[PDB]
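Structure record follows, encoded as structure tokens.
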Amino acid sequence: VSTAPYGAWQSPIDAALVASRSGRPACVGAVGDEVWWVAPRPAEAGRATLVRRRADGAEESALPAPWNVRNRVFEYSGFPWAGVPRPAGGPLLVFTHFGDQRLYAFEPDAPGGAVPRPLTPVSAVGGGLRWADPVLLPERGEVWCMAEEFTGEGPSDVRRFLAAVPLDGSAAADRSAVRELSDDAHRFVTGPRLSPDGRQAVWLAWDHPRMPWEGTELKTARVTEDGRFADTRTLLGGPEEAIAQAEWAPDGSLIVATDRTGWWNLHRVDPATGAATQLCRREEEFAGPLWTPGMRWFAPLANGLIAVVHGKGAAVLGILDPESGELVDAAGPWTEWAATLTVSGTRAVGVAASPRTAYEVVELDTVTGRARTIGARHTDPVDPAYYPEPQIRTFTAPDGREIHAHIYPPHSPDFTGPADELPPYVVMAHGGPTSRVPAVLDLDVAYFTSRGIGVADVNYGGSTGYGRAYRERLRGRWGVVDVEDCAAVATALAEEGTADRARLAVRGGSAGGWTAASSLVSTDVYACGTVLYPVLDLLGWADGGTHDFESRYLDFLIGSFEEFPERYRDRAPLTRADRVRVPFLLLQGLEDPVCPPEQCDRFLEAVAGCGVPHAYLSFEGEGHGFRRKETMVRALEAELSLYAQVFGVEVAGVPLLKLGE
């Protein structure tokens, strides 16, 4: 061990490694005795593939490049695939290919191998046709899902509805061959979920200016013999009751996750009257913000038990016995489970991670209570001694409010810093803002901590996982609550003597980019900041400047334009861009439909000539969030260079970022 300036420590974790290990298994699902999920392939043009895990442990990608398993529904991508086992010929699968947004069918065990065949037609009107949250119904020769069909050129010139697509491919070039199960009365809808007897279907629906975590309605309809929906009606829910998920149990009962008690809790619902009964009342979340159709936090098992990812703050998979109310959680090293789940037999399969291991596909068996890794088994790319030791902390703000955060002090088995110095700290604001960041192994974090730079990840007011009230703290306060909560954690660390007050950076992407930019504009706490694909121009964003799903998100975040037009100008970072007095780095994807690059262009124009050192790096072929390995490498090394230059520390191995006023 040797002494070296904080930020200058030699680390075995390079940006290429971080990019290579980025992402996680997602949208897990059982298919007969197999388990499938979507996995990232950053080195393969940033595509996502389908991984097939066989009963004997065989685990391989089922689709070669350039097939890309992702869609643009809600511009965040709804559950992109479905599969069913068959007596012969192997399983039948369907997936949405990102390149053309079409739904494809394929049979992995067909002689010759997987050969995707298109099932849906395309459109040149606006954003065309998109599909997601499918359910395969081989008996009807169809796949049922929800669809987006643009009717104009505007971001909100789109209709959504539940559809039935023929599996024989007869609709591949015939829009009329697609059956509309529901009408388009609701702007936003999720895929259908059919009762065991196949006579009743449910789905979630909502409209502007509400986000689903504000409120949603659970729609229902009788499924006729010939596959049509009859007597559609609202079963339960409303503009202030957030129903995040609805599922049919194998016994025919209906279960939903609703936050009527102030927390998302599971309730059994009378399929006719809509009356709900609590199954496990707790001050813990059993669901989360529904950003895309198809998310699953709970899953009913054939034996009557219910698998549930739940918790206040960190969420973990557990098994609930709805008759006794007893809940038993998985053990093992995993401390955080993602919002994806599936069941098979007596087993529940999810995706989880720990501070020492990346997300893996984990199985929990109700018979033994045993949890084990069954996919994407984590191997350490470097000695785990180079990973930071997270400190889950709750800070107390001036008025006594609690602010939840994850602190990652600098950490290395080879270095320690100068006794007369303190480490710089990077304060991170997660995206959303209606979401939460978990405390698990993240090489993006370790990238900095292993070099001697601390990290503070703040789950500021408005974050999820802590009840509707905590989530609602941000309503009408965006630009204030998120900014002040993050700064409170920052100055607290400095005051406590664990972080260098003069070397604090703020960073974040999307909503987090707004928070970072807002922090540099409205406070003078930070020495510099890194802003990724942010919201900077509110007037522009509100004036057809973003995708449909978030086109009225500002109503929640800062108030309606009708009631508070002044905030749209007053709180926009763009408005006071000239108040930024420290260096910053702006990163942007040129194909971003959530935060158009115009946001950055206008901001850069507003700061020109102010004499503030800065840099801008945009990337062709990248949308909202970077997916290509080469992009991430350049973005991460650029961020580190900014910090190296501002914090006054020599950091080679990383190209010197050209900062210009």
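Each answer follows from the model by the rule given with it, or from the source it names; nothing here is a laboratory result. All Cβ positions, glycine included, derive from the backbone under ideal geometry; neighbour counts span all protein chains shown.
Would you pick out the residues in region 225-245 that are of a type in the set (G, A, S) and surrounded by fewer than 13 Cβ atoms within 10 Å (Cβ to Cβ)?
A230
Considering only region 130-147, I want to know if a residue exists there that is under 23 Å from the mean Cα position of the chain (by Cα) and under 17 Å from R86 (Cβ atoms).
Yes; the residues of region 130-147 include at least one that is under 23 Å from the mean Cα position of the chain (by Cα) and under 17 Å from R86 (Cβ atoms).
Looking at region 518-578, what helices (runs of 4 or more DSSP H) fall wholly within it and have at least 3 residues that are closer than 14 Å to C595 by Cα and not hydroxyl-bearing (S, T, Y)?
538-542
Every residue, every condition in (1) in contact with a strand residue (DSSP E or B) (Cβ under 7 Å, 6 or more places away or on another chain); (2) assigned by CATH to the domain that holds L301; (3) hydrophobic (A, V, I, L, M, F, W, C), yes or no:
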position: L204; (1), (2), (3): yes, yes, yes
position: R210; (1), (2), (3): no, yes, no
position: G215; (1), (2), (3): yes, yes, no
position: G227; (1), (2), (3): yes, yes, no
position: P239; (1), (2), (3): no, yes, no
position: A242; (1), (2), (3): yes, yes, yes
position: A249; (1), (2), (3): yes, yes, yes
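May I ask you to list the residues in region 396-406 that are in contact with a helix residue (DSSP H, G or I) (Cβ under 9 Å, 6 or more places away or on another chain) and surrounded by fewer than 20 Cβ atoms within 10 Å (Cβ to Cβ)?
Residues satisfying the conditions are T396, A397, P398, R401, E402.
Using the structure shown, decide if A615 is of a type outside the set (S, T, N, Q), part of a strand (DSSP E or B), more than 30 Å from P212 (Cβ to Cβ) and in the same structural domain as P423 (by CATH).
yes
Within region 25-50, count every residue that is out of contact with any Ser or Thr (no Cβ under 7 Å at 6 or more places or on another chain) and closer than 19 Å to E591 by Cβ.
Result for region 25-50: 5.
Determine if region 167-177 includes at least one residue that is surrounded by fewer than 21 Cβ atoms within 10 Å (Cβ to Cβ), touching a residue at least 60 places away in the same chain (Cβ under 8 Å) and within 24 Å of the chain's Cα centre (by Cα).
No; the residues of region 167-177 include none that is surrounded by fewer than 21 Cβ atoms within 10 Å (Cβ to Cβ), touching a residue at least 60 places away in the same chain (Cβ under 8 Å) and within 24 Å of the chain's Cα centre (by Cα).
Name the residue, out of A511, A456, that is of a type in the set (A, V, I, L, M) and over 28 Å from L422 (Cα atoms).
Testing whether each residue is of a type in the set (A, V, I, L, M) and over 28 Å from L422 (Cα atoms) leaves just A511.
So for region 518-527 (the condition being at negative phi, surrounded by fewer than 24 Cβ atoms within 10 Å (Cβ to Cβ) and free of Cβ contacts under 8 Å to residues at least 24 places away in the same chain), does at least one residue qualify?
No, there is no match, as no residue in region 518-527 is at negative phi, surrounded by fewer than 24 Cβ atoms within 10 Å (Cβ to Cβ) and free of Cβ contacts under 8 Å to residues at least 24 places away in the same chain.
Out of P409, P355, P388, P424, which single residue is in contact (Cβ under 8 Å) with a residue 24 or more places away in the chain, surrounded by fewer than 20 Cβ atoms within 10 Å (Cβ to Cβ) and of a type outside the set (S, T, N, Q)?
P409
Could we say that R282 is outside any loop (DSSP other than H, G, I, E, B) and either surrounded by fewer than 20 Cβ atoms within 10 Å (Cβ to Cβ) or at positive phi (or both) here?
no
Yes or no: region 627-638 includes at least one residue that is part of a loop (DSSP other than H, G, I, E, B) and not acidic (D, E).
Taking every residue of region 627-638 in turn, at least one turns out to be part of a loop (DSSP other than H, G, I, E, B) and not acidic (D, E).
Does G454 count as touching a helix residue (DSSP H, G or I) at 6+ places or on another chain (Cβ under 8 Å) and under 23 Å from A287 (Cβ atoms)?
No; evaluated as a whole, the condition is false for this residue.
Quick test for you: out of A257, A272, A302, pick the one residue that is outside any loop (DSSP other than H, G, I, E, B) and either basic (K, R) or at negative phi (or both).
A257
Go through (1) buried (at least 23 other Cβ atoms within 10 Å of the Cβ); (2) touching a helix residue (DSSP H, G or I) at 6+ places or on another chain (Cβ under 6 Å); (3) not acidic (D, E) one by one and return the number of the condition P121 breaks.
(1)
So which residues in region 18-30 are within 19 Å of the chain's Cα centre (by Cα), in a strand (DSSP E or B) and aliphatic (A, V, I, L, M)?
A26, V28
Tell me which residues, restricted to region 178-207, are small (G, A, S) and either over 11 Å from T232 (Cβ atoms) or part of a loop (DSSP other than H, G, I, E, B) (or both).
Result: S182, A185, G191, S195, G198.
Here's a check for you: in region 385-394, which residue that is within 17 Å of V1 (Cβ to Cβ) and outside any loop (DSSP other than H, G, I, E, B) is farthest from the chain's Cα centre (by Cα)?
Among those residues, the one meeting the criterion is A385.
Using beta carbons and a limit of 8 Å, which pairs, at least six apart or on different chains, have the first residue in region 119-139 and part of a loop (DSSP other than H, G, I, E, B) and the second one aromatic (F, W, Y) and surrounded by fewer than 22 Cβ atoms within 10 Å (Cβ to Cβ)?
Short answer, once both residue conditions are applied: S123/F150; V125/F150; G126/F150; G127/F150; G128/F150.
Condition (residue is surrounded by 21 or more Cβ atoms within 10 Å (Cβ to Cβ), out of contact with any helix residue (DSSP H, G or I) (no Cβ under 8 Å at 6 or more places or on another chain) and of a type in the set (D, E)) applied to region 638-645: is it met by at least one residue?
For region 638-645, residues surrounded by 21 or more Cβ atoms within 10 Å (Cβ to Cβ), out of contact with any helix residue (DSSP H, G or I) (no Cβ under 8 Å at 6 or more places or on another chain) and of a type in the set (D, E): present.
Of everything in region 618-648, what is in contact with a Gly (Cβ under 8 Å, 6 or more places away or on another chain) and aliphatic (A, V, I, L, M)? Give them in sequence order.
Within region 618-648, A644 is the sole residue that qualifies.
State the number of residues belonging to region 287-341 that are over 22 Å from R393 (Cα atoms), free of Cβ contacts under 8 Å to residues at least 40 places away in the same chain and not small (G, A, S).
4
Name the pairs whose Cβ atoms lie under 8 Å apart, with the first residue in region 2-18 and over 16 Å from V445 (Cβ atoms), the second in a helix (DSSP H, G or I) and of a type in the set (V, I, T), and 6 or more positions between them or separate chains?
Listed pairs, sorted by first residue: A16/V633.
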